[PDB]
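This document opens with one chain alone, in structure tokens, the form deposited in one PDB entry.
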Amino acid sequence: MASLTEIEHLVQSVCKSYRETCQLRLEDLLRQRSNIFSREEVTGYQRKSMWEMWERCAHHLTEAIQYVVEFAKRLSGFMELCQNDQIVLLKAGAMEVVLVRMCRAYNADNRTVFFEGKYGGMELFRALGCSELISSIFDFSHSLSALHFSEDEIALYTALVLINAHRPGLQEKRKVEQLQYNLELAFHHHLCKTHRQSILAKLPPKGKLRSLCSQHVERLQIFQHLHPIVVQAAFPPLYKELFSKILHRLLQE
């Protein structure tokens, strides 16, 4: 099954789905690179409370995840899967898709990320008290930046991050394997056509994204133990569902 004509159609549909569900246009992020937080604005973030900074980050992550849910809904083959499997895939892969998407908002020249209107370095996040997690996130974006991904490569690669037939809990594992295989063919065909197969060996191991997701859950457990009422009262419901229902409602709209 699936011929060359169908594989190229799948490439274009995935790229279109990605372009339609980007939270931020790449051009918009690039044209903000000179807009960097001053030392006074950096000090201001460092003086913010730990719970205020955690709440802000959980809110920004939840917004980004909402766009990944829309990407999945437009992704060829995804809505054809059962609701159980749609939820299993999003719960395990939404954070991973955001972790890949965020390289677009990272400037490797000065090691800054676009955050709340300006670019700032790791030191902007010191109030969180999760230095190892922040260093891991910046290192991950730095490693992705070195690949010089095109928008089309990010679309195909993030579709594969989401459509992973190895996720525990899948009820129709063979249907997810077939979708994964078609997407793998589309990604590799596009790399072959554009002479970009050299990136294959340089893509991060799957254990790297798993380690970032595990570090996030572990730091959230520590924070939630110190401020349980902050999480209950001020963290987004979708964030608590995924990391501590909403997904079912977003998938039905």
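Start at 1 and count along the sequence shown; that's the residue number.
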Count class of deposited residues lacking coordinates, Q12 to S13: none
Take the C-alpha B-factors listed in the entry for 155-163 and for 81-89, compute each mean, and give the stretch with the larger one. 81-89
Of 51-59 and 28-36, the stretch whose C-alpha atoms average the higher B-factor in the entry: 28-36
Ranked against its chain, the third holding the CA B-factor of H225: highest
Based on the entry's values, in what third of the chain does the Cα temperature factor of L75 lie: lowest, middle or highest? highest
Divide the modelled residues of the chain into thirds by Cα B-factor and specify which third, lowest, middle or highest, holds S244. highest
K173: CA temperature factor from the record, placed by chain third, in the highest
Based on the deposited C-alpha B factors for this chain, I'd like to know if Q46 is in the lowest, middle or highest third. middle
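The same protein also has a form deposited with a small molecule bound, omitted here; what follows describes it.
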Counting only non-hydrogen atoms and a 4.5 Å threshold, tell me whether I65, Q224 and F235 all contact the small molecule in the deposited complex. yes
Just give me the single entry in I36, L30, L185, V217 that has a non-hydrogen atom within 4.5 angstroms of the small molecule in the deposited complex. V217
Find the only residue in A165, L81, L160, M95 having a heavy atom within 4.5 Å of the small molecule in the deposited complex. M95
Flag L242 as yes or no: does it have a non-hydrogen atom within 4.5 angstroms of any non-hydrogen atom of the small molecule in the deposited complex? yes
Even though the partner isn't displayed, in the deposited complex is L156 close enough to the small molecule, meaning a heavy atom within 4.5 Å? no
Any non-hydrogen atom of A58 within 4.5 angstroms of the small molecule in the deposited complex: yes
Within 4.5 Å, heavy atoms only: does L90 come near the small molecule in the deposited complex? yes
